[PDB]
Amino acid sequence: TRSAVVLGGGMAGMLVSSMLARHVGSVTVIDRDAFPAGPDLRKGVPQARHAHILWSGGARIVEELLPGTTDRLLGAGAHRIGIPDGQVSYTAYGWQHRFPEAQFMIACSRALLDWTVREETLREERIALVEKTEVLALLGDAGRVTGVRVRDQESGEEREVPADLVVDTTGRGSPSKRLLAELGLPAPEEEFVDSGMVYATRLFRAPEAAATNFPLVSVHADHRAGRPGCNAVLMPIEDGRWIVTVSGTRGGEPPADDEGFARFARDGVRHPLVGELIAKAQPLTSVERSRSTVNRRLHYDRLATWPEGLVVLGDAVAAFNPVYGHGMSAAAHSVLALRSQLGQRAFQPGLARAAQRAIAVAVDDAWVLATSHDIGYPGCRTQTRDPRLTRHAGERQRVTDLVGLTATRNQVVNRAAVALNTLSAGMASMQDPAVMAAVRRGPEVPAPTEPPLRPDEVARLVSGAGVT
Ligand SMILES: Cc1cc2nc3c(=O)[nH]c(=O)nc-3n(C[C@H](O)[C@H](O)[C@H](O)COP(=O)(O)OP(=O)(O)OC[C@H]3O[C@@H](n4cnc5c(N)ncnc54)[C@H](O)[C@@H]3O)c2cc1C
Ligand SMILES: [Cl-]
């Protein structure tokens, strides 16, 4: 019984559809894109050309919604990389000592990740993906949404799709501001923090022996230094490839040309390690860029009027600077927030509003982590009323930096820091007495004086071929 319509069949739409099909009789997913039969790039998810880190916090929720997905990913060549044991990371505070595993991430092409999630979701026959279809309007009125009007691209025919619940998951380019204006609702408060960050990515074929068990390698900006923030990330993906994404804020953007890419990875960031490693590998693709890096949030949950039967989640409600790697995990937390409200309130009036407020809570940690570190870069453009960004940014940063510095050299602080950063634990967790006690106990290991690479990792950067 009951029907749901989901706008957008990307990550949030597939996760939310899988969840909803366990609560309603049918789910219809409307997407303007065409979908490949295999793990290919598609125009509706251009960000799949860039490195995607799936932190443990989101991975565990994906697993809860779509059992078997994590193993299916690893089974297809995705890498499980332990954090911090499997990462070689030059943080703002220095090299991270590679303590034993506290958390993990899943490393693969976003195209394979999307394909795996969609194929698993659509095994449920009561979920139908309706491709190459435009969303024209929300049906109903400002009091209650009752479906959507859509247009088949090939035919041109329009039709009404009824729904007891409409969920907008159309991503960063979502048209919900327009759709909700057409209903007669006031505009939501828009909040943004725009560092001017630009991404540049190439794919490489890794040296053959390093195609597995190779670490995630990252060189981070120093958010406290009054210079443009620049980063470089090397991440293993399936079938023996490396995806390498470099990034820079206003005044430090990476160039678009292949030769300037490798130069930036060496000299544009604070340590040349990623540039040194890509010199061991064979480039496979030319440079792809992206400017979709603004932290932007729409406060739908605080609107004076909200229609029954309408929920917005994923990048459509809150989108983040991708260098922090939280977007997919925030979407998953948001799907669970909607599920929690469905279990509590069924489809009573107040469900959609309660879900929208719960979704605002679900994305808040990712929002604070990204915005608190972006707000400081030169020339950052901001629009916010959040006193955590406007009043108490300094002492929050002094607490952040004390934790971040100590996490590089203290196993207990690192465990707490990565639990929060993978969105496996909430912000309050860091106020636990045991964590601040370990912070005060200070470093337990020396600061690494060189990249903490293992000999057996660097040994696999060469073949030994030209040697008798
Ligand atoms: C460069 C970059 C790097 C990133 N790296 C990471 C990372 O390392 N880790 C991480 O967790 N996240 C990362 N993200 C964020 C992640 O890509 C998004 O958070 C995630 O895709 C959000 O899913 P979504 O379903 O809300 O939107 P999307 O995945 O973008 O899906 C939106 C869907 O809606 C459809 N659609 C869009 N507009 C319309 C329309 N008008 N009508 C109909 N259908 C429409 C699209 O075709 C698509 O199918 C990165 C993002 C970028 C840009
Ligand atoms: Cl993009």
# chains A, B, ... in the order shown; residues from 1 in each chain; ligands from 1

call {"tool": "residues_near_ligand", "arguments": {"ligand": "ligand 1", "cutoff": "8 Å", "atoms": "only C-alpha atoms and all ligand atoms", "output": "PDB file with C-alpha atoms, in the first residue's frame"}}
result
ATOM      1  CA  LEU A   7      13.391  12.473  -7.992  1.00  0.00           C
ATOM      2  CA  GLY A   8      16.911  11.537  -9.142  1.00  0.00           C
ATOM      3  CA  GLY A   9      18.362   8.024  -9.301  1.00  0.00           C
ATOM      4  CA  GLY A  10      21.887   8.769  -8.081  1.00  0.00           C
ATOM      5  CA  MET A  11      23.364   7.669  -4.776  1.00  0.00           C
ATOM      6  CA  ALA A  12      20.781   9.259  -2.462  1.00  0.00           C
ATOM      7  CA  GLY A  13      17.874   8.277  -4.710  1.00  0.00           C
ATOM      8  CA  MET A  14      18.902   4.630  -4.871  1.00  0.00           C
ATOM      9  CA  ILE A  30      12.411   9.766 -12.080  1.00  0.00           C
ATOM     10  CA  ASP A  31      15.702  10.798 -13.682  1.00  0.00           C
ATOM     11  CA  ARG A  32      16.503  12.943 -16.713  1.00  0.00           C
ATOM     12  CA  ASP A  33      19.683  10.972 -17.450  1.00  0.00           C
ATOM     13  CA  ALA A  34      20.218   7.739 -19.368  1.00  0.00           C
ATOM     14  CA  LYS A  43      26.341  12.738 -17.769  1.00  0.00           C
ATOM     15  CA  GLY A  44      24.069  13.010 -14.714  1.00  0.00           C
ATOM     16  CA  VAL A  45      26.930  12.250 -12.322  1.00  0.00           C
ATOM     17  CA  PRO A  46      29.900  14.211 -13.704  1.00  0.00           C
ATOM     18  CA  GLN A  47      31.637  14.102 -10.348  1.00  0.00           C
ATOM     19  CA  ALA A  48      32.308  10.414 -10.933  1.00  0.00           C
ATOM     20  CA  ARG A  49      35.383  11.522 -12.903  1.00  0.00           C
ATOM     21  CA  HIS A  50      37.050  12.508  -9.599  1.00  0.00           C
ATOM     22  CA  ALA A  51      38.351  10.616  -6.565  1.00  0.00           C
ATOM     23  CA  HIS A  52      35.564   9.491  -4.211  1.00  0.00           C
ATOM     24  CA  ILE A  53      36.328   8.304  -0.684  1.00  0.00           C
ATOM     25  CA  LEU A  54      33.533   6.313   0.965  1.00  0.00           C
ATOM     26  CA  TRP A  55      34.196   6.649   4.700  1.00  0.00           C
ATOM     27  CA  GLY A  58      28.585   5.949   5.190  1.00  0.00           C
ATOM     28  CA  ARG A 110      32.396   6.241  -8.360  1.00  0.00           C
ATOM     29  CA  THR A 133      12.300  11.875 -18.006  1.00  0.00           C
ATOM     30  CA  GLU A 134      12.036  15.531 -16.947  1.00  0.00           C
ATOM     31  CA  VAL A 135      10.405  16.729 -13.737  1.00  0.00           C
ATOM     32  CA  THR A 169      17.283  13.545  -4.447  1.00  0.00           C
ATOM     33  CA  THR A 170      18.284  15.367  -7.644  1.00  0.00           C
ATOM     34  CA  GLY A 171      21.676  16.394  -6.256  1.00  0.00           C
ATOM     35  CA  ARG A 172      23.618  19.631  -6.448  1.00  0.00           C
ATOM     36  CA  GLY A 173      21.704  20.791  -9.517  1.00  0.00           C
ATOM     37  CA  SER A 174      18.321  20.107  -7.935  1.00  0.00           C
ATOM     38  CA  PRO A 175      15.390  22.217  -9.252  1.00  0.00           C
ATOM     39  CA  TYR A 199      39.635  19.914  -8.676  1.00  0.00           C
ATOM     40  CA  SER A 290      35.516  20.475 -11.517  1.00  0.00           C
ATOM     41  CA  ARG A 291      34.405  23.607  -9.680  1.00  0.00           C
ATOM     42  CA  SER A 292      31.539  21.884  -7.818  1.00  0.00           C
ATOM     43  CA  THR A 293      33.179  22.497  -4.464  1.00  0.00           C
ATOM     44  CA  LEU A 313      17.804  15.010   0.893  1.00  0.00           C
ATOM     45  CA  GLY A 314      21.297  14.432  -0.404  1.00  0.00           C
ATOM     46  CA  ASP A 315      23.220  17.120  -2.248  1.00  0.00           C
ATOM     47  CA  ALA A 316      19.807  18.684  -3.010  1.00  0.00           C
ATOM     48  CA  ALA A 319      26.345  19.887  -0.530  1.00  0.00           C
ATOM     49  CA  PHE A 320      29.945  20.025   0.664  1.00  0.00           C
ATOM     50  CA  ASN A 321      33.476  20.765  -0.448  1.00  0.00           C
ATOM     51  CA  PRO A 322      34.480  17.272  -1.645  1.00  0.00           C
ATOM     52  CA  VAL A 323      38.046  17.453  -0.289  1.00  0.00           C
ATOM     53  CA  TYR A 324      36.600  16.333   3.051  1.00  0.00           C
ATOM     54  CA  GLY A 325      34.937  13.328   1.401  1.00  0.00           C
ATOM     55  CA  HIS A 326      31.616  13.306   3.275  1.00  0.00           C
ATOM     56  CA  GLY A 327      28.872  13.806   0.665  1.00  0.00           C
ATOM     57  CA  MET A 328      27.892  10.167   0.149  1.00  0.00           C
ATOM     58  CA  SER A 329      28.030   9.408   3.880  1.00  0.00           C
ATOM     59  CA  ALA A 330      25.898  12.448   4.715  1.00  0.00           C
ATOM     60  CA  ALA A 331      23.344  11.259   2.161  1.00  0.00           C
TER      61      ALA A 331
END

call {"tool": "select_by_dssp", "arguments": {"residues": "region 85-322 of chain A", "states": "helix (DSSP H, G or I)", "output": "PyMOL selection string"}}
result
chain A and resi 110-121+176-183+208-210+258-268+273-278+300-302+314-316+322

call {"tool": "residues_around", "arguments": {"residues": "residue 308 (chain A)", "least_positions_apart": "4", "cutoff": "10 Å", "atoms": "only C-alpha atoms", "output": "short mmCIF file (atom, residue, chain, number, x, y, z; two decimals) with N, CA, C and O atoms, in the first residue's frame"}}
result
data_model
loop_
_atom_site.label_atom_id
_atom_site.label_comp_id
_atom_site.auth_asym_id
_atom_site.auth_seq_id
_atom_site.Cartn_x
_atom_site.Cartn_y
_atom_site.Cartn_z
N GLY A 140 -0.26 19.03 -6.35
CA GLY A 140 -0.86 19.34 -5.07
C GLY A 140 -0.75 20.82 -4.78
O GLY A 140 -1.03 21.65 -5.65
N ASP A 141 -0.37 21.19 -3.57
CA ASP A 141 -0.27 22.60 -3.22
C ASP A 141 0.68 22.71 -2.04
O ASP A 141 1.25 21.72 -1.58
N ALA A 142 0.82 23.94 -1.52
CA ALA A 142 1.74 24.19 -0.43
C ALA A 142 1.38 23.41 0.83
O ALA A 142 2.24 23.24 1.70
N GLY A 143 0.13 22.94 0.95
CA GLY A 143 -0.29 22.17 2.11
C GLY A 143 0.09 20.70 2.02
O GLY A 143 0.44 20.09 3.03
N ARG A 144 0.04 20.13 0.81
CA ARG A 144 0.38 18.72 0.63
C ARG A 144 0.73 18.48 -0.83
O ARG A 144 0.01 18.91 -1.74
N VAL A 145 1.86 17.80 -1.05
CA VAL A 145 2.30 17.39 -2.37
C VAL A 145 1.73 16.01 -2.62
O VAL A 145 1.74 15.15 -1.73
N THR A 146 1.21 15.80 -3.83
CA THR A 146 0.51 14.56 -4.15
C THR A 146 1.11 13.82 -5.34
O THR A 146 0.46 12.91 -5.88
N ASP A 164 2.15 9.38 -2.47
CA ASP A 164 1.92 9.77 -1.09
C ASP A 164 3.13 10.46 -0.49
O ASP A 164 3.00 11.20 0.49
N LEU A 165 4.30 10.23 -1.06
CA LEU A 165 5.51 10.86 -0.59
C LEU A 165 6.39 11.11 -1.80
O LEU A 165 6.58 10.20 -2.61
N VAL A 166 6.85 12.35 -1.96
CA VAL A 166 7.83 12.70 -2.97
C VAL A 166 9.13 13.03 -2.25
O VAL A 166 9.13 13.81 -1.29
N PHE A 347 2.73 7.59 8.09
CA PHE A 347 2.45 8.64 7.13
C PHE A 347 1.47 9.66 7.70
O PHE A 347 0.70 10.27 6.96
N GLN A 348 1.51 9.84 9.02
CA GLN A 348 0.69 10.84 9.68
C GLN A 348 1.12 12.23 9.23
O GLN A 348 2.26 12.44 8.81
N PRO A 349 0.22 13.21 9.32
CA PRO A 349 0.63 14.59 9.06
C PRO A 349 1.72 14.97 10.04
O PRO A 349 1.67 14.63 11.22
N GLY A 350 2.73 15.65 9.53
CA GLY A 350 3.91 15.95 10.31
C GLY A 350 5.11 15.10 9.94
O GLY A 350 6.23 15.46 10.31
N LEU A 351 4.90 14.00 9.20
CA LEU A 351 6.02 13.14 8.82
C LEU A 351 7.06 13.91 8.01
O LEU A 351 8.26 13.88 8.33
N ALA A 352 6.63 14.57 6.93
CA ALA A 352 7.61 15.21 6.05
C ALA A 352 8.41 16.28 6.78
O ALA A 352 9.64 16.37 6.64
N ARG A 353 7.73 17.10 7.57
CA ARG A 353 8.41 18.14 8.33
C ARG A 353 9.38 17.53 9.33
O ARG A 353 10.52 17.99 9.46
#

call {"tool": "residues_around", "arguments": {"residues": "residue 441 (chain A)", "least_positions_apart": "3", "cutoff": "12 Å", "atoms": "only C-alpha atoms", "output": "PyMOL selection string"}}
result
chain A and resi 402-403+406-407+409-413+434-438+444-445

call {"tool": "residues_around", "arguments": {"residues": "residue 239 (chain A)", "least_positions_apart": "4", "cutoff": "9 Å", "atoms": "only C-alpha atoms", "output": "PyMOL selection string"}}
result
chain A and resi 76-78+205+211

call {"tool": "write_last_selection", "arguments": {"atoms": "N, CA, C and O atoms", "output": "compact mmCIF listing (two decimals), in the first residue's frame"}}
result
# COMPACT_ATOMS: atom_id res chain seq x y z
N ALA A 76 34.45 -6.93 -6.58
CA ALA A 76 34.68 -6.38 -7.90
C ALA A 76 36.01 -5.64 -8.01
O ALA A 76 36.29 -5.06 -9.06
N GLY A 77 36.83 -5.63 -6.96
CA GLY A 77 38.15 -5.03 -7.01
C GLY A 77 38.28 -3.74 -6.21
O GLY A 77 39.36 -3.13 -6.23
N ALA A 78 37.21 -3.31 -5.55
CA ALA A 78 37.32 -2.16 -4.66
C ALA A 78 38.27 -2.49 -3.52
O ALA A 78 38.43 -3.65 -3.14
N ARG A 205 47.67 3.93 -14.52
CA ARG A 205 47.82 2.51 -14.28
C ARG A 205 48.93 2.35 -13.26
O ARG A 205 50.05 2.81 -13.49
N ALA A 211 49.19 -2.93 -7.50
CA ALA A 211 47.77 -2.88 -7.87
C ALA A 211 46.86 -3.24 -6.71
O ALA A 211 45.66 -2.96 -6.77

call {"tool": "atom_distance", "arguments": {"atom1": "CA of residue 359 (chain A)", "atom2": "CA of residue 249 (chain A)"}}
result
28.8 Å

call {"tool": "select_by_dssp", "arguments": {"residues": "region 57-262 of chain A", "states": "strand (DSSP E or B)", "output": "MDAnalysis selection string"}}
result
chainID A and resid 79:83 87:91 94:95 103:107 127:130 133:140 144:152 158:162 165:168 190:194 198:205 216:219 230:237 241:248

call {"tool": "residues_around", "arguments": {"residues": "residue 104 (chain A)", "least_positions_apart": "4", "cutoff": "8 Å", "atoms": "only C-alpha atoms", "output": "list in words"}}
result
residues 55, 56, 80, 81, 82, 83 and 84 of chain A

call {"tool": "residues_around", "arguments": {"residues": "residue 232 (chain A)", "least_positions_apart": "2", "cutoff": "8 Å", "atoms": "only C-alpha atoms", "output": "PyMOL selection string"}}
result
chain A and resi 218-220+230+234+244-247+265+269+274

call {"tool": "closest_residue", "arguments": {"among": "A:201, A:26, A:372, A:383", "to": "ligand 2", "atoms": "only C-alpha atoms and all ligand atoms"}}
result
A:201

call {"tool": "closest_residue", "arguments": {"among": "A:114, A:258, A:456, A:288", "to": "ligand 2", "atoms": "only C-alpha atoms and all ligand atoms"}}
result
A:288

call {"tool": "atom_distance", "arguments": {"atom1": "CA of residue 121 (chain A)", "atom2": "CA of residue 1 (chain A)"}}
result
19.3 Å

call {"tool": "closest_residue", "arguments": {"among": "A:68, A:42, A:305, A:380", "to": "ligand 2", "atoms": "only C-alpha atoms and all ligand atoms"}}
result
A:42

call {"tool": "atom_distance", "arguments": {"atom1": "CA of residue 424 (chain A)", "atom2": "CA of residue 369 (chain A)"}}
result
13.5 Å

call {"tool": "closest_residue", "arguments": {"among": "A:250, A:123, A:289, A:2", "to": "ligand 2", "atoms": "only C-alpha atoms and all ligand atoms"}}
result
A:289

call {"tool": "closest_residue", "arguments": {"among": "A:137, A:200, A:150, A:5", "to": "ligand 2", "atoms": "only C-alpha atoms and all ligand atoms"}}
result
A:200

call {"tool": "closest_residue", "arguments": {"among": "A:273, A:373, A:36, A:432", "to": "residue 398 (chain A)", "atoms": "only C-alpha atoms"}}
result
A:373

call {"tool": "decode", "arguments": {"residues": "region 313-406 of chain A", "atoms": "C-alpha atoms", "output": "CSV table (one decimal), in the first residue's frame"}}
result
chain,number,residue,atom,x,y,z
A,313,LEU,CA,17.8,15.0,0.9
A,314,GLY,CA,21.3,14.4,-0.4
A,315,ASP,CA,23.2,17.1,-2.2
A,316,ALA,CA,19.8,18.7,-3.0
A,317,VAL,CA,19.6,19.9,0.6
A,318,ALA,CA,23.2,20.1,1.7
A,319,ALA,CA,26.3,19.9,-0.5
A,320,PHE,CA,29.9,20.0,0.7
A,321,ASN,CA,33.5,20.8,-0.4
A,322,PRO,CA,34.5,17.3,-1.6
A,323,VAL,CA,38.0,17.5,-0.3
A,324,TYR,CA,36.6,16.3,3.1
A,325,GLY,CA,34.9,13.3,1.4
A,326,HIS,CA,31.6,13.3,3.3
A,327,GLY,CA,28.9,13.8,0.7
A,328,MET,CA,27.9,10.2,0.1
A,329,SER,CA,28.0,9.4,3.9
A,330,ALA,CA,25.9,12.4,4.7
A,331,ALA,CA,23.3,11.3,2.2
A,332,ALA,CA,23.3,7.8,3.8
A,333,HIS,CA,22.8,9.3,7.3
A,334,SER,CA,20.0,11.4,5.8
A,335,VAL,CA,18.2,8.3,4.4
A,336,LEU,CA,18.4,6.7,7.9
A,337,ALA,CA,17.0,9.9,9.4
A,338,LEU,CA,14.0,9.6,7.0
A,339,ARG,CA,13.6,5.9,7.9
A,340,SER,CA,13.6,6.7,11.6
A,341,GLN,CA,10.8,9.2,11.2
A,342,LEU,CA,8.8,6.7,9.0
A,343,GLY,CA,9.1,4.2,11.8
A,344,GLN,CA,7.9,6.6,14.4
A,345,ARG,CA,5.2,8.6,12.6
A,346,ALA,CA,4.2,6.3,9.6
A,347,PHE,CA,2.4,8.6,7.1
A,348,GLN,CA,0.7,10.8,9.7
A,349,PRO,CA,0.6,14.6,9.1
A,350,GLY,CA,3.9,15.9,10.3
A,351,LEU,CA,6.0,13.1,8.8
A,352,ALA,CA,7.6,15.2,6.0
A,353,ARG,CA,8.4,18.1,8.3
A,354,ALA,CA,9.8,15.8,11.0
A,355,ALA,CA,12.0,14.1,8.4
A,356,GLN,CA,13.2,17.4,7.0
A,357,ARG,CA,14.3,18.5,10.5
A,358,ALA,CA,15.9,15.1,11.1
A,359,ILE,CA,17.8,15.4,7.8
A,360,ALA,CA,19.1,18.8,8.8
A,361,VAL,CA,20.5,17.2,12.0
A,362,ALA,CA,21.9,14.3,10.0
A,363,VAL,CA,24.1,16.4,7.7
A,364,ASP,CA,25.2,18.9,10.4
A,365,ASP,CA,28.4,17.2,11.4
A,366,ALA,CA,29.6,17.0,7.8
A,367,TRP,CA,28.6,20.6,7.3
A,368,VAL,CA,30.6,21.8,10.3
A,369,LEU,CA,33.7,19.8,9.4
A,370,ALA,CA,33.9,21.2,5.9
A,371,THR,CA,32.8,24.8,6.6
A,372,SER,CA,34.9,25.3,9.7
A,373,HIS,CA,38.1,24.5,7.7
A,374,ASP,CA,37.1,26.4,4.5
A,375,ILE,CA,36.1,29.7,6.0
A,376,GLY,CA,39.7,30.7,6.7
A,377,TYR,CA,41.2,30.6,3.2
A,378,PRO,CA,42.1,33.9,1.5
A,379,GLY,CA,39.2,35.3,-0.5
A,380,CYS,CA,36.6,32.9,0.8
A,381,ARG,CA,33.1,34.0,0.0
A,382,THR,CA,30.5,33.4,2.7
A,383,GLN,CA,26.8,33.8,3.4
A,384,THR,CA,25.7,32.4,6.8
A,385,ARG,CA,24.0,33.2,10.1
A,386,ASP,CA,25.5,30.2,12.0
A,387,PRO,CA,27.3,31.5,15.1
A,388,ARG,CA,29.6,28.5,14.9
A,389,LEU,CA,31.0,30.2,11.8
A,390,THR,CA,30.5,33.8,12.8
A,391,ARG,CA,31.1,34.1,16.5
A,392,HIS,CA,32.9,31.0,17.9
A,393,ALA,CA,35.0,29.9,14.9
A,394,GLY,CA,38.3,30.8,16.6
A,395,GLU,CA,38.0,28.7,19.8
A,396,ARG,CA,36.4,25.9,17.9
A,397,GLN,CA,39.5,26.0,15.7
A,398,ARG,CA,41.8,26.1,18.7
A,399,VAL,CA,40.1,23.0,20.0
A,400,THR,CA,40.1,21.5,16.5
A,401,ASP,CA,43.8,22.1,16.0
A,402,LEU,CA,44.7,20.7,19.4
A,403,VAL,CA,42.8,17.5,18.6
A,404,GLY,CA,44.1,17.4,15.0
A,405,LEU,CA,47.8,17.9,16.1
A,406,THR,CA,47.6,15.4,18.9
